[PDB]
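We begin with a single chain expressed as structure tokens, specifically the form solved without the ligand.
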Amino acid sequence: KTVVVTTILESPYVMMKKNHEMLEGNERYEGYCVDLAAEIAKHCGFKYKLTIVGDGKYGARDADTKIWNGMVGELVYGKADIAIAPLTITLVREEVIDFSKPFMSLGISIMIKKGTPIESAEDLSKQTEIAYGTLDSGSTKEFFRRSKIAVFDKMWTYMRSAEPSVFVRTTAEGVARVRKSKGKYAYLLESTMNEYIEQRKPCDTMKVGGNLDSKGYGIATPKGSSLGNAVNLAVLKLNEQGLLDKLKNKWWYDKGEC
């Protein structure tokens, strides 16, 4: 039967085509993950339907109810068969769902509006004129919340209490905030996205400093899924075939407008 793929609208991973209104099904979308999903479905020989996660989140566990939201939740509760998106491989998630070996390597990075007096995380933690935050319900927020290293811990103390809130619902919201904040806001996001945005108009942002950590994105399946094994080998095969690198250049720099 048709495999239900959950994903999220996040450029350049998954975006609606210009003429999506006249298109149907999987044809309505384009992007790195759209291409990746097609490659995987072909090598594993299955039909699939791309669906956009209902709450538009990656996935976090509610501390009160212990209920998972986002794409992780759709997998945990049987609403989806596989997640193909820029979903970060983490311990808390690995405990409830399965991840293939990473199809992309990245790390948390700093996005500033061009000209802002910031070059590192240490620089952000020593000032208060410039606010900074992260995406909600994801791995980046968890990183700071659970960090015991001096600089990041102090950053979390500031962010978790900040008012107004420095957290955002979507990457787009964080990027917009940096751009319209005259440089009084810095956004903490994964290098993959930072590098992508840095190459798009109005070309007013830039990634500064080195990554804060090293991790990766994996294709996720529910625990005990029959697709788990196959997808994992498919990812490795595609990386060694050079496909993943091919797709990276196609959506990041071949389309770059800066």
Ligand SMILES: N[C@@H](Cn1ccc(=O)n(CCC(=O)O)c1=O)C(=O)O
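Numbering starts at 1 and follows the sequence shown.
A.B. asks: Do the CA atoms of 204 to 212 or those of 28 to 36 have the higher mean B-factor in the entry?
C.D. replies: Per the PDB record, 204 to 212.
A.B. asks: On mean C-alpha B-factor from the PDB entry, just flag whether 8 to 16 or 239 to 247 is the higher one.
C.D. replies: It is 239 to 247.
A.B. asks: Kindly indicate the residue among 44, 220, 233, 67 with the greatest C-alpha B-factor in the PDB record.
C.D. replies: 44 has the highest C-alpha B-factor of those listed.
A.B. asks: Determine which member of 164, 102, 138, 174 has the highest CA B-factor, using the values in the deposited entry.
C.D. replies: In the PDB entry, the greatest C-alpha B-factor among 164, 102, 138, 174 is found at 164.
A.B. asks: Just say lowest, middle or highest third for the CA B-factor of residue 134 relative to the other modelled residues in its chain.
C.D. replies: Tercile = middle for this residue's CA B-factor.
A.B. asks: Hey, what third does residue 189 fall into on Cα B-factor, ranked over its chain?
C.D. replies: It falls in the bottom third of the chain.
A.B. asks: Going by the CA temperature factor in the PDB record, which third of the chain does residue 183 belong to: lowest, middle or highest?
C.D. replies: Its C-alpha B-factor, which the entry lists for residue 183, ranks in the highest third among residues of this chain.
A.B. asks: Based on the entry's values, in what third of the chain does the Cα temperature factor of residue 154 lie: lowest, middle or highest?
C.D. replies: Highest third.
A.B. asks: Compare the C-alpha B factor of residue 94 with those of the other modelled residues in its chain, then answer lowest, middle or highest third.
C.D. replies: Bottom third by C-alpha B-factor.
One more form of this protein exists, namely the form solved in complex with the ligand; it is left out here, but the text below deals with it.
A.B. asks: Run the site superposition, bring the ligand over from its position in the entry with it bound, and let me know if the shown form is open or blocked under the 3-atom, 2.4 Å backbone or C-beta criterion.
C.D. replies: Blocked, per the superposed partner pose.
A.B. asks: Tell me, yes or no, whether residue 87 is in contact with the ligand in the entry with it bound, where a contact means a heavy atom of each within 4.5 Å.
C.D. replies: Residue 87 belongs to the contact set for the ligand.
A.B. asks: At the 4.5 Å heavy atom threshold, is residue 34 in contact with the ligand in the entry with it bound?
C.D. replies: So residue 34 does not count as contacting the ligand.
A.B. asks: Could you tell me if residue 40 has a non-hydrogen atom within 4.5 Å of the ligand in the entry with it bound?
C.D. replies: The answer is no: residue 40 has no heavy atom within 4.5 Å of the ligand.
A.B. asks: Looking at how the chain moves between the shown form and the other one, with two rigid parts pivoting, which one of 229, 213, 162, 167 falls at the hinge?
C.D. replies: Selected hinge residue from the list: 213.
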